[PDB]
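Okay, so here's just one chain, in structure tokens, the form deposited in one PDB entry.
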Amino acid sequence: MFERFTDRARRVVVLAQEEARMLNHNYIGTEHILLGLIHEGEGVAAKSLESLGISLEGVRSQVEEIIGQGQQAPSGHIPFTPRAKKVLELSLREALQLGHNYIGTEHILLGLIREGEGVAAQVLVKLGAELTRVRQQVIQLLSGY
């Protein structure tokens, strides 16, 4: 179903894999998707994250507290956690419910919030944001460009 993803949505996905690599994780989790959303930049959810007072290095470090780097770098692809799997499912599902047929970075952020049970959401609330906060906020964004 990844063919629906926009150029930058997919770029988020590739980036999430690089984040989980160089922080030495054997899985891509809800955090690493947040990380890739940030690291993306030119697209929606990244500017959305610099607006609601969330930056890259904060999430990096928060993960290095609750997760911390791994002893041994993994190579080859890095599998999703069931949390990340559900986030991507729901990103699809959000996208469809807002009418679009593509899936952009903003739709991954919405799916992420929808899951709200895993590390991404723990990290977010720890940094200074809220789930329906950023949801309604990014919805206002799709209303404001």
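Rigid core here is just the name for the largest C-alpha set that superposes within 1.5 Å across the two forms. The numbering used is simple: start at 1 and walk along the sequence shown.
Quick note: we don't show the form deposited in another entry, though the next part is all about it.
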property: Rigid core superposition between the shown form and the other one: residue from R114, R93, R60, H100 with Cα shift of 2 Å or more; result: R60
property: Core fit, then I28 C-alpha moves 2 Å or more between the shown form and the other one; result: no
property: C-alpha of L49 moved at least 2 Å between the shown form and the other one on rigid core; result: yes
property: After fitting the core, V13 CA displacement of 2 Å or more between the shown form and the other one; result: no
property: Distance trend in the other entry - C-alpha atoms of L110 and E64, change of 3 Å or more; result: closer
property: Pairwise C-alpha change, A95 versus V125, in the other entry against this form - closer or farther, 3 angstroms or more; result: closer
